[PDB]
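Novice: Enclosed is the structure file query23.pdb (PDB, C-alpha atoms).
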```pdb
ATOM      1  CA  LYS A   1       0.000   0.000   0.000
ATOM      2  CA  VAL A   2       1.168   3.496  -0.904
ATOM      3  CA  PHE A   3      -0.067   5.731   1.907
ATOM      4  CA  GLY A   4      -1.223   9.291   1.426
ATOM      5  CA  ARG A   5       0.572  11.869   3.561
ATOM      6  CA  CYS A   6      -2.373  12.662   5.851
ATOM      7  CA  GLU A   7      -3.468   9.033   5.528
ATOM      8  CA  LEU A   8      -0.335   7.745   7.238
ATOM      9  CA  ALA A   9      -0.416  10.620   9.719
ATOM     10  CA  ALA A  10      -3.806   9.512  11.041
ATOM     11  CA  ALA A  11      -2.685   5.883  10.860
ATOM     12  CA  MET A  12       0.457   6.668  12.858
ATOM     13  CA  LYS A  13      -1.387   8.882  15.341
ATOM     14  CA  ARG A  14      -3.964   6.187  16.065
ATOM     15  CA  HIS A  15      -1.247   3.579  16.617
ATOM     16  CA  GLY A  16       0.633   5.691  19.165
ATOM     17  CA  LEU A  17       3.453   7.519  17.384
ATOM     18  CA  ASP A  18       2.574  11.180  17.943
ATOM     19  CA  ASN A  19       5.040  12.292  20.595
ATOM     20  CA  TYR A  20       6.149   8.721  21.235
ATOM     21  CA  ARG A  21       9.486   9.166  23.001
ATOM     22  CA  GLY A  22       9.097  12.900  22.446
ATOM     23  CA  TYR A  23       9.000  12.524  18.667
ATOM     24  CA  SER A  24       6.162  14.588  17.198
ATOM     25  CA  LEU A  25       3.876  12.917  14.639
ATOM     26  CA  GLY A  26       5.658  14.914  11.950
ATOM     27  CA  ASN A  27       8.998  13.198  12.536
ATOM     28  CA  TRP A  28       7.520   9.763  11.872
ATOM     29  CA  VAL A  29       5.673  10.762   8.709
ATOM     30  CA  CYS A  30       8.811  12.562   7.541
ATOM     31  CA  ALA A  31      10.831   9.439   8.281
ATOM     32  CA  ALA A  32       8.353   7.173   6.503
ATOM     33  CA  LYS A  33       8.503   9.558   3.549
ATOM     34  CA  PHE A  34      12.262   9.371   3.064
ATOM     35  CA  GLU A  35      12.504   5.714   4.034
ATOM     36  CA  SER A  36       9.704   4.122   2.028
ATOM     37  CA  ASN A  37       7.982   7.014   0.235
ATOM     38  CA  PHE A  38       4.825   6.062   2.159
ATOM     39  CA  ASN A  39       4.979   2.640   0.501
ATOM     40  CA  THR A  40       4.294  -0.222   2.905
ATOM     41  CA  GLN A  41       5.798  -2.863   0.606
ATOM     42  CA  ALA A  42       9.177  -1.123   0.451
ATOM     43  CA  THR A  43      12.151  -3.492   0.635
ATOM     44  CA  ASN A  44      15.748  -2.273   0.500
ATOM     45  CA  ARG A  45      18.743  -4.591   0.751
ATOM     46  CA  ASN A  46      21.568  -3.047   2.761
ATOM     47  CA  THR A  47      25.254  -3.604   2.008
ATOM     48  CA  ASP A  48      25.751  -5.904   5.004
ATOM     49  CA  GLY A  49      23.264  -8.410   3.598
ATOM     50  CA  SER A  50      20.315  -7.382   5.754
ATOM     51  CA  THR A  51      17.149  -5.829   4.351
ATOM     52  CA  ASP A  52      14.965  -2.891   5.387
ATOM     53  CA  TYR A  53      11.240  -3.619   5.423
ATOM     54  CA  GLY A  54       8.102  -1.563   5.272
ATOM     55  CA  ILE A  55       6.837   1.947   5.832
ATOM     56  CA  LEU A  56       9.776   2.692   8.145
ATOM     57  CA  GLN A  57      12.436   0.459   6.564
ATOM     58  CA  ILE A  58      12.963  -1.694   9.642
ATOM     59  CA  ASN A  59      16.203  -3.688   9.442
ATOM     60  CA  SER A  60      16.172  -7.493   9.420
ATOM     61  CA  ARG A  61      19.423  -7.885  11.348
ATOM     62  CA  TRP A  62      18.041  -6.607  14.616
ATOM     63  CA  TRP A  63      14.277  -6.363  14.432
ATOM     64  CA  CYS A  64      12.669  -8.924  12.110
ATOM     65  CA  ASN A  65      13.420 -12.304  10.532
ATOM     66  CA  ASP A  66      13.678 -12.775   6.773
ATOM     67  CA  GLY A  67      15.662 -15.998   7.105
ATOM     68  CA  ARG A  68      18.455 -14.628   4.922
ATOM     69  CA  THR A  69      20.332 -12.479   7.426
ATOM     70  CA  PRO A  70      22.743 -14.500   9.624
ATOM     71  CA  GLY A  71      22.951 -13.061  13.116
ATOM     72  CA  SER A  72      19.315 -12.016  12.770
ATOM     73  CA  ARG A  73      17.949 -10.988  16.134
ATOM     74  CA  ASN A  74      14.226 -10.670  15.401
ATOM     75  CA  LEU A  75      13.800  -8.491  18.489
ATOM     76  CA  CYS A  76      10.270  -7.511  17.465
ATOM     77  CA  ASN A  77       9.568 -11.231  17.011
ATOM     78  CA  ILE A  78       7.884 -10.905  13.608
ATOM     79  CA  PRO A  79       8.502 -12.053  10.033
ATOM     80  CA  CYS A  80       9.837  -9.181   7.906
ATOM     81  CA  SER A  81       6.978  -9.779   5.477
ATOM     82  CA  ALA A  82       4.546  -8.682   8.195
ATOM     83  CA  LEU A  83       6.172  -5.256   7.979
ATOM     84  CA  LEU A  84       4.869  -4.927   4.414
ATOM     85  CA  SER A  85       1.142  -5.230   5.110
ATOM     86  CA  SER A  86      -1.255  -2.361   4.387
ATOM     87  CA  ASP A  87      -1.936  -2.423   8.122
ATOM     88  CA  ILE A  88       1.032  -0.582   9.644
ATOM     89  CA  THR A  89       0.374  -2.019  13.113
ATOM     90  CA  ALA A  90       3.385  -4.351  12.992
ATOM     91  CA  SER A  91       5.641  -1.570  11.713
ATOM     92  CA  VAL A  92       4.546   0.833  14.457
ATOM     93  CA  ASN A  93       4.784  -1.718  17.275
ATOM     94  CA  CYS A  94       8.343  -2.453  16.177
ATOM     95  CA  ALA A  95       9.221   1.189  15.505
ATOM     96  CA  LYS A  96       8.330   1.831  19.131
ATOM     97  CA  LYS A  97      10.936  -0.785  20.031
ATOM     98  CA  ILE A  98      13.445   0.742  17.610
ATOM     99  CA  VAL A  99      12.960   4.311  18.809
ATOM    100  CA  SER A 100      13.329   3.083  22.389
ATOM    101  CA  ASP A 101      16.677   1.359  21.867
ATOM    102  CA  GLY A 102      18.430   4.490  23.100
ATOM    103  CA  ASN A 103      19.419   6.333  19.936
ATOM    104  CA  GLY A 104      15.807   7.260  19.221
ATOM    105  CA  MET A 105      14.922   8.115  15.631
ATOM    106  CA  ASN A 106      18.631   8.322  14.785
ATOM    107  CA  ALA A 107      18.261   4.627  13.996
ATOM    108  CA  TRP A 108      16.575   5.771  10.789
ATOM    109  CA  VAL A 109      19.459   7.078   8.673
ATOM    110  CA  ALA A 110      17.013   8.997   6.474
ATOM    111  CA  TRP A 111      15.401  10.705   9.473
ATOM    112  CA  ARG A 112      18.696  11.942  10.905
ATOM    113  CA  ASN A 113      19.759  13.142   7.469
ATOM    114  CA  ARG A 114      16.524  14.520   6.032
ATOM    115  CA  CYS A 115      14.190  15.211   8.966
ATOM    116  CA  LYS A 116      16.186  15.917  12.131
ATOM    117  CA  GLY A 117      16.279  19.649  12.816
ATOM    118  CA  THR A 118      13.862  20.376   9.993
ATOM    119  CA  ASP A 119      10.327  21.721  10.085
ATOM    120  CA  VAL A 120       8.657  18.331  10.519
ATOM    121  CA  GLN A 121       5.456  20.224  11.332
ATOM    122  CA  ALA A 122       4.930  20.623   7.584
ATOM    123  CA  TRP A 123       4.337  16.881   7.139
ATOM    124  CA  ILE A 124       1.058  17.068   9.038
ATOM    125  CA  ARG A 125       0.010  20.139   7.053
ATOM    126  CA  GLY A 126      -3.698  20.201   6.199
ATOM    127  CA  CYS A 127      -4.000  16.777   7.810
ATOM    128  CA  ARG A 128      -7.306  16.540   9.637
TER     129      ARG A 128
END
```
Could I get this structure in the form of structure tokens?
Specialist:
Amino acid sequence: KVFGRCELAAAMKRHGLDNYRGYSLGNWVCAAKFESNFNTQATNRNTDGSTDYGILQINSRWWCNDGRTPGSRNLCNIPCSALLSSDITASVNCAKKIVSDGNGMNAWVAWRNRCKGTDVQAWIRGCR
């Protein structure tokens, strides 16, 4: 599923992301924009052999199992395919674990590079 901007904002708000760990709803939408382009089925293979899955490009080395990443932790205890469903529940539940690892949203390389410090307010523009 390719989410609309406001569509993911309401989907992320409902699931508990708005100001989760002090990260305004804008930061998550912004992250999901530069990670997956609001596409839930986004899959990106990293250089280390692992793969990023879903709306928030969650890595398969630490957070989910794709069976093709030796040393896979599966800390969210889910198959990486579950991070590609139209329902972003799995992705949010795990993102809450990722953003609580200590480094916060810095875990998302796109967020730190394209969102952090920026006017993330603008991502929930006109969003009802």
Novice: Would you mind reading off the distance between atom CA of residue 29 of chain A and atom CA of residue 67 of chain A, one decimal, in Å?
Specialist: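 Taking atom CA of residue 29 of chain A and atom CA of residue 67 of chain A, their separation equals 28.6 Å.
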Novice: Between A:82, A:92, A:6, A:110, single out the one closest to residue 36 of chain A, counting all atoms listed in the file.
Specialist: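 Selected residue with least distance to residue 36 of chain A: A:110.
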Novice: Got a sec: who's within 8 Å of segment 96-104 of chain A, counting only C-alpha atoms, leaving out chain neighbours fewer than 4 positions off, as JSON, numbers by chain?
Specialist: {"A": [17, 20, 21, 63, 76, 92]}
Novice: What is the atom CA of residue 9 of chain A-atom CA of residue 55 of chain A distance in Å, reported with one decimal?
Specialist: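 Atom CA of residue 55 of chain A lies 12.0 Å from atom CA of residue 9 of chain A.
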Novice: Between A:37, A:23, A:4, A:11, which one has atoms that come closest to residue 117 of chain A, using all atoms listed in the file?
Specialist: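 The closest residue to residue 117 of chain A is A:23.
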Novice: Mind pulling up the distance from atom CA of residue 43 of chain A to atom CA of residue 5 of chain A?
Specialist: 19.5 Å
Novice: So for segment 95-101 of chain A, what box centre and size do we get, axis-aligned, 5 Å extra on each of the six sides, every listed atom, Å to one decimal, as lines of an AutoDock Vina configuration file?
Specialist:
```
center_x = 12.5
center_y = 1.8
center_z = 18.9
size_x = 18.3
size_y = 15.1
size_z = 16.9
```
Novice: Which is closer to residue 68 of chain A than all the others in A:89, A:51, A:24, A:106, using all atoms listed in the file?
Specialist: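 Smallest distance to residue 68 of chain A is found for A:51.
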Novice: So that I can see what lies close to segment 83-85 of chain A, please list as number ranges by chain the residues with an atom at most 12 Å from it, counting all atoms listed in the file and leaving out residues fewer than 5 positions away in the same chain.
Specialist: A: 1-3, 36, 38-44, 51-60, 63-66, 76-78, 90-95
Novice: When you look at residue 118 of chain A with a cut-off of 12 Å (counting all atoms listed in the file), what residues show up, excluding the ones that are within fewer than 4 positions of it in the same chain? I need them as a list in words.
Specialist: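 Contacts, with the query itself left out: residues 26, 27, 30, 31, 111, 112, 113, 114, 122 and 123 of chain A.
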Novice: Could you check the closest approach to residue 25 of chain A for each of A:105, A:127, A:12, A:61 and tell me which residue wins, using all atoms listed in the file?
Specialist: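 Checking each of A:105, A:127, A:12, A:61 against residue 25 of chain A, counting all atoms listed in the file, the winner is A:12.
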Novice: Could you add N, CA, C and O atoms to segment 90-106 of chain A and give me the result as a short mmCIF file (atom, residue, chain, number, x, y, z; two decimals), in the coordinates of the input?
Specialist:
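For reference, rebuild.cif as written:
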```cif
data_model
loop_
_atom_site.label_atom_id
_atom_site.label_comp_id
_atom_site.auth_asym_id
_atom_site.auth_seq_id
_atom_site.Cartn_x
_atom_site.Cartn_y
_atom_site.Cartn_z
N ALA A 90 2.12 -3.66 12.73
CA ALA A 90 3.38 -4.35 12.99
C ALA A 90 4.57 -3.39 12.92
O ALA A 90 5.48 -3.45 13.74
N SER A 91 4.55 -2.51 11.92
CA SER A 91 5.64 -1.57 11.71
C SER A 91 5.73 -0.56 12.85
O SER A 91 6.83 -0.17 13.25
N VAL A 92 4.58 -0.14 13.37
CA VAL A 92 4.55 0.83 14.46
C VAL A 92 4.97 0.21 15.78
O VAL A 92 5.79 0.77 16.51
N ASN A 93 4.42 -0.97 16.08
CA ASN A 93 4.78 -1.72 17.27
C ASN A 93 6.29 -1.94 17.37
O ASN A 93 6.87 -1.87 18.45
N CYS A 94 6.91 -2.20 16.23
CA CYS A 94 8.34 -2.45 16.18
C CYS A 94 9.14 -1.15 16.17
O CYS A 94 10.22 -1.08 16.74
N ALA A 95 8.59 -0.13 15.53
CA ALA A 95 9.22 1.19 15.50
C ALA A 95 9.32 1.75 16.91
O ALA A 95 10.27 2.46 17.24
N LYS A 96 8.33 1.42 17.73
CA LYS A 96 8.33 1.83 19.13
C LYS A 96 9.46 1.15 19.88
O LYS A 96 10.02 1.71 20.82
N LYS A 97 9.80 -0.07 19.46
CA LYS A 97 10.94 -0.78 20.03
C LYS A 97 12.25 -0.22 19.51
O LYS A 97 13.25 -0.16 20.23
N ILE A 98 12.25 0.18 18.24
CA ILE A 98 13.44 0.74 17.61
C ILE A 98 13.79 2.11 18.19
O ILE A 98 14.94 2.40 18.50
N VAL A 99 12.77 2.95 18.34
CA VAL A 99 12.96 4.31 18.81
C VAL A 99 13.19 4.35 20.32
O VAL A 99 13.46 5.41 20.89
N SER A 100 13.11 3.19 20.95
CA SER A 100 13.33 3.08 22.39
C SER A 100 14.61 2.32 22.70
O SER A 100 14.86 1.95 23.85
N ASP A 101 15.43 2.09 21.68
CA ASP A 101 16.68 1.36 21.87
C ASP A 101 17.73 2.24 22.52
O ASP A 101 18.73 1.74 23.05
N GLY A 102 17.52 3.55 22.48
CA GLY A 102 18.43 4.49 23.10
C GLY A 102 18.84 5.63 22.19
O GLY A 102 18.99 6.77 22.63
N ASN A 103 19.02 5.32 20.91
CA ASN A 103 19.42 6.33 19.94
C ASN A 103 18.22 7.03 19.30
O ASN A 103 18.39 7.91 18.45
N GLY A 104 17.02 6.65 19.72
CA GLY A 104 15.81 7.26 19.22
C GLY A 104 15.63 7.10 17.72
O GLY A 104 15.91 6.04 17.17
N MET A 105 15.17 8.16 17.07
CA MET A 105 14.92 8.12 15.63
C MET A 105 16.20 8.23 14.81
O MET A 105 16.15 8.24 13.58
N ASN A 106 17.35 8.32 15.48
CA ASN A 106 18.63 8.32 14.78
C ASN A 106 18.89 6.98 14.12
O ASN A 106 19.72 6.88 13.21
#
```
